[PDB]
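Have a look at the structure below, then the notes.
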Number of protein chains: 6
Amino acid sequence: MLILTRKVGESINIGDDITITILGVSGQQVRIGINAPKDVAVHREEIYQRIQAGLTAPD
Amino acid sequence: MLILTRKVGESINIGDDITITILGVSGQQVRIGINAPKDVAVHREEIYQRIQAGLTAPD
Amino acid sequence: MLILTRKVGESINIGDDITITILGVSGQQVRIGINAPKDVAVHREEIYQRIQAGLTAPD
Amino acid sequence: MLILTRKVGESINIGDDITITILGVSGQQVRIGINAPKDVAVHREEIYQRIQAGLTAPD
Amino acid sequence: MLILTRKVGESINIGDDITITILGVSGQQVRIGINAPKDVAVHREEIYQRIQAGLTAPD
Amino acid sequence: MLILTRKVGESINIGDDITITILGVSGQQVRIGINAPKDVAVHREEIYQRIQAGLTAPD
RNA sequence: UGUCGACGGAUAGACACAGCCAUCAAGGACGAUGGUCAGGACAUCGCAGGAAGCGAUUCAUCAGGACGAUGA
């Protein structure tokens, strides 16, 4: 697992299509923005396990 | 962009190969884990911007 | 919208004929003064809707 | 002058073209929103004095 | 208006004569002790309403 | 002494100028509001003991 | 929560305290390093999506060209 230490306003890049930015912080919560193409899905882990429960359709 | 609040210790997922976890905050700093295969390149923008310039990690 | 912050007792201007004054706060209530010629109307938005209810001809 | 009270988040009007809003308080401050056509000016009293010096926000 | 965060068995002082002690917690109820001179009153807010209404000093 | 068992969000009173409010609990910690004039001092019993060391004034 | 800035046209910003804050790190490791501890303040929390998203009232009513009037 690759650990990185960002600060408010800084960004990560993944592959050649996806970019991530930490838009700010509000105490114990962190406001993160994801900029992936609609060709790939983006979801929280609280919901990803509902997707992979056995619903939605393949590409 | 797709924006979400994550509390420290919560997780986010991208595609079917990538997972992200907020490990915690330290002021206006944010410690983040990235969990993708070595099949994908994963760096902050200041790093990314050399790589696709025509190369890989210097040495 | 153009937002202005104003400490109680300070002033604002509109056009070359109108002055606005914050007079004070009392609770969540805010005493505002509006100084304009009778050439223009001044009203709360809930009263302004009456001024839009007709009045296309004088008496 | 025409004086009236408004609670925070409530609305107001001037003429037949201008809307005014009390956006909230912050201590002794008040956030006041103005919504007029660019056909007319709006500034703070300390700013109005620049425009009345013979200009409108120079180059 | 002060706000303190006090754990069970610890104490706080007011004026030069009044001592407060957090005696402990019982779920949502909190056991509290107050030590004041006979120069002053002390009650819960329910009972306080009897005192300052123009009372405690008869005709 | 005066001893009570107060639920979170309820209030207590001292003299005719002082109000106390239990803001709520967090494990053993208890967040408490104290509302008195600057006519009186208030500190936790730790800090009070530095002041009652025979001075009631720094330095 | 208070204060500041802002000729700004934005339901806007910016600063500051009860845990606060900075630096290194092409690193794939839940990475490394430094220095700092209680105030007169009810400060962190919740919902969700392809959006740099969204919500979070210690006083109140009548009203009018008057820095309006009055009170629980």
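Each value in this text was obtained by applying a stated rule to the coordinates, not by laboratory testing. Cβ sites come from the backbone with ideal geometry, for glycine too, and all protein chains shown count toward neighbours.
Here are the numbers for this structure:
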{"read-out": "Electrostatic dipole magnitude of chain B [Cβ: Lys, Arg +1; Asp, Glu -1; Cα centre; debye, to 20]", "value": "240 debye"}
{"read-out": "Alpha-carbon centroid distance for the pair the range F:1-36 / the range C:7-36, whole angstrom", "value": "40 Å"}
{"read-out": "Per-pair calculated FRET efficiency, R0 = 56 Å: C:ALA57 and C:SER11 via Cβ, rounded to 0.05", "value": "0.95"}
{"read-out": "Restricting chain C to trypsin sites (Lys or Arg not before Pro) in coil, as DSSP defines it, with at most 13 other Cβ within 10 Å", "value": "C:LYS38"}
{"read-out": "Computed over chain A, the ratio Rg/Rh where both radii use C-alpha atoms and Rh is Kirkwood", "value": "1.02"}
{"read-out": "Average beta-carbon neighbours from other chains, 10 Å sphere, peptide F:14-23", "value": "6"}
{"read-out": "Pseudo-label separations to other copies for A:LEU55 - Cα-to-Cβ vector, 7 Å, nm", "value": "4.9, 5.2, 5.9, 6.1, 6.6"}
{"read-out": "Kirkwood Rh in Å, taken over all unlike Cα pairs in the protein assembly as shown", "value": "27.4 Å"}
{"read-out": "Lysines whose Cα lies under 28 Å from that of E:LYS7, excluding same-chain neighbours fewer than 8 positions away", "value": "B:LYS7, E:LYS38, F:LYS7, F:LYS38"}
